[PDB]
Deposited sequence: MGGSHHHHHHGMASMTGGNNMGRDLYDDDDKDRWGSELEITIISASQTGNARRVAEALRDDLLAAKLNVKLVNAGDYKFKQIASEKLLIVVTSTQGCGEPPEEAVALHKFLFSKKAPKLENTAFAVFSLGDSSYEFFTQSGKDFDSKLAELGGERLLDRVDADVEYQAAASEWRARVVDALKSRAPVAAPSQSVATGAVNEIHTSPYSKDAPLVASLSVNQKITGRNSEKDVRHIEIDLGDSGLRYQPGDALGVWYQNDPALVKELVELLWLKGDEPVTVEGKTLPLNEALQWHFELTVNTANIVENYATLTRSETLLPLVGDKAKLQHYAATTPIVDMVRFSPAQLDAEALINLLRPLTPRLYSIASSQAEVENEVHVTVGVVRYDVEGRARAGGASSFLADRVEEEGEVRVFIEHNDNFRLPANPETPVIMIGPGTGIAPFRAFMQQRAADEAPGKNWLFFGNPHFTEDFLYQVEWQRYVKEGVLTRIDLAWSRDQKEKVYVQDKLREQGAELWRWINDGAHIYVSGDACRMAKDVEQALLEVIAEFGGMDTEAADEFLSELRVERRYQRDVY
């Protein structure tokens, strides 16, 4: 019996840690191994295999489990004979893909003949009840942060030092450079980590939502074990900038609006509606005299947003830099915005109160050997961890070669940290930089095109043991860049597409192909 934990942020990690605890207390044996240190090519020699997984940008497993997932899809997976399996999957209904990684894992493990002792079950953001009721049944049908006080639950109360836009005035996107002074708290981080920022909803948005429901704003509501006014709760503890299908169909059910009832039962229409309109506009389409308690039950708890750290403590000491791409969109001429990005962009004064913590990411790190070449693909707001990488390597005077791929719409407006990159290539820290400006000419050009153009040099670097890092969008960028890498590897390695995929999976296994995508 072995428990497999496939988690990036770590919500499945704690579930697997609790699971192994009562398995070792009750049965005996039971060993726990993450997907990153699992000898997955010896899967056929397993007795009992429990998989606890997560779901990234769209259905893909966590980056450490991508190798195992591709193994199960490679037609080279062995035929299972003496192992029983049970799959527990986490996820979030807000996103388009709800625990599809667990569904795929369960389906394949069944297809290769694994004994499904427990059927796969789905977990929402509130996984406490599901995990607690799942581990008991797992046990029944089976018996034949390093040291800092700060964490997600108790974030460090830091201060905002610098909030500077790093895009030109003629840029369609608003990208901020946020410098947060950690003070004397001694918070420690590494390049590749993420800064979980607790935010607060816009007071204007909260007021508009409250008056849109014909409420006052000071009526008491029940939050946790205390009583707080409605505005306080909607600003500090509830999410308003994200619309989910569940929120929409609950509004329809507790409202019976003629314009919302027909959409109930159609997952595609509900998801499109949720992704197209915010909560406040969705309730603007149909005010329904909803009381404070109904609003509180309808919404979801506010959660911190992770941002890749754009600085290294070897250079900035007690500061953390994050590159915040502000989400700004207009619905019927009313300018709406994202929660945390707009909170950091507008709603925090200089030296203001920002509650942050560190989300450690071990599977996105610079090579331990300073001489190892590094290839980075960071178009858009994915340039932050590579700025941290460059600062860390320049501080250590690492002699290794560095290759950066950056992409954005406009060169004169969307070149993030351009002067820093010019300085880095001036001093030889950044050996090569390749830029792809998609909106500078008639034809769209992205980073993957530059990877295709530089196939021979990329292949030589990979043969030199280089590390490939991808950070940025996951819906389109990550898949396109992975395809470009596969094409380059297949073309310049003298081998077909399947062998290219196997080579990329091997690179993932040797911690040489690492992604931080969102």
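Item checked: Sequence ranges absent from the coordinates, based on the deposited chain and numbered from 1 -> Holes in the chain trace, numbered from 1: 1-39, 184-201.
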